[PDB]
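Heads up, the thing below is written out as structure tokens.
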Ligand SMILES: OC[C@H]1O[C@H](C/C=C/c2ccc3ncccc3c2)[C@@H](O)[C@@H](O)[C@@H]1O
């Protein structure tokens, strides 16, 4: 079981860390949502599906930088909503193909009422998401750490 981004950045068997750069929407007004859709960007396969089934959760997600300072939000995992920052581990997604499948994670962020001007600086860390991978085979308990970076600024006008 290994993951790669669209960019090419990989985390191999046994897990690891990666830096992921997302284009964000340049402008977001108060009570509009900012979406960080990582299901278009992070992908994962099972390396031996014939006899092994991989089980993947969002263990932990935390907010940094502009998102920590001037956005409240939720995370969507596999079609359900959870608080962000995350208060618990989610239900598991099954991976049983050698073909890449999205990691089904998106953030729904909305500016707090304080927020104005540049509220996310380009190049800044905005989140760290921990994919936890297990299987029906042995004790493997691997962390795939995704460190999410803004490619661009985000302005909250008013
Ligand atoms: O995705 C399945 C597994 O992939 C690797 C270990 C791989 C096992 C294996 C075992 C016997 C094999 N026999 C013939 C050819 C290949 C073989 C591969 C880890 O990421 C693990 O955490 C994950 O569950």
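Using Cβ contacts closer than 10 Å as the measure, can you line up 13, 42, 52 from fewest to most? Each step should come with its number before you reach the end.
Working: 13 11, 42 25, 52 16.
Arranged by neighbour count, lowest to highest, 13, 42, 52 become 13, 52, 42.
Compute the Kirkwood hydrodynamic radius of the chain, taking the inverse of the mean of 1/r over all pairs of distinct Cα atoms, and give it in Å to one decimal.
On the way: mean 1/r = 0.0624 Å⁻¹.
Averaging 1/r across every pair of different Cα atoms and inverting gives 16.0 Å.
Please list the three semi-axes, largest first and in whole Å, of the ellipsoid equivalent to the range 74-158, using sqrt of 5 times the eigenvalues of its alpha carbon gyration tensor.
With the √(5λ) rule applied to the range 74-158, the semi-axes are 31, 14, 12 Å.
Which value at 222 nm does the chain reach when only helices count, each DSSP H run of 4 or more adding -39,500 (n - 2.57), with the total divided by all residues and rounded to the nearest 500 deg cm²/dmol? Show your work: numbers first, answer last.
Working: 1 runs with 5 residues, N = 158.
Taken over the chain, the calculation gives -500 deg cm²/dmol.
Which of 55, 77, 137 moves the most in a Gaussian network model of the chain with Cα springs under 10 Å?
Highest fluctuation of the listed residues: 137.
Taking Cα pairs under 8 Å and at least six residues apart, what relative contact order does the range 1-77 come out at, in percent?
Values: 57 pairs, mean separation 23.4, N = 77.
Worked out over the range 1-77, it gives 30 percent.
In the range 14-48, which residues have a backbone nitrogen under 18 Å from the label point lying 7 Å from residue 62's Cα in the Cα-to-Cβ direction?
Only 16-20 fall inside the zone, counting backbone N under 18 Å.
Mind jotting down the distance between the C-alpha centroids of the range 32-77 and the range 82-142, whole Å?
Here the two parts' Cα centres lie 2 Å apart.
Under the definition of Cα pairs under 8 Å and six or more residues apart, what whole-number percent is the relative contact order of the chain? Before the final figure, lay out the partial values.
Working: 421 pairs, mean separation 53.2, N = 158.
Value for the chain: 34 percent.
If you rank 50, 89 by fewest surrounding Cβ atoms within 10 Å, what's the result?
By the 10 Å Cβ count, ascending, the order reads 50, 89.
Gaussian network model of the chain, Cα springs within a sub-10 Å range: biggest mean-square fluctuation belongs to which of 21, 48, 95?
Looking only at 21, 48, 95, the biggest GNM fluctuation is shown by 48.
Using 0.36 nm per residue of separation minus the Cα-Cα distance, give me the extension gain between residue 72 and residue 155 in nm, one decimal. Kindly include the intermediate steps, with their values, before the conclusion.
Details: separation 83, 0.36 × 83 = 29.88 nm, distance 1.54 nm.
Gain on stretching residue 72 to residue 155: 28.3 nm.
So basically every Cβ, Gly included, is an ideal-geometry build from the backbone, and we count neighbours across all protein chains shown. Here, each number is a calculation from the coordinates, and none is a lab measurement.
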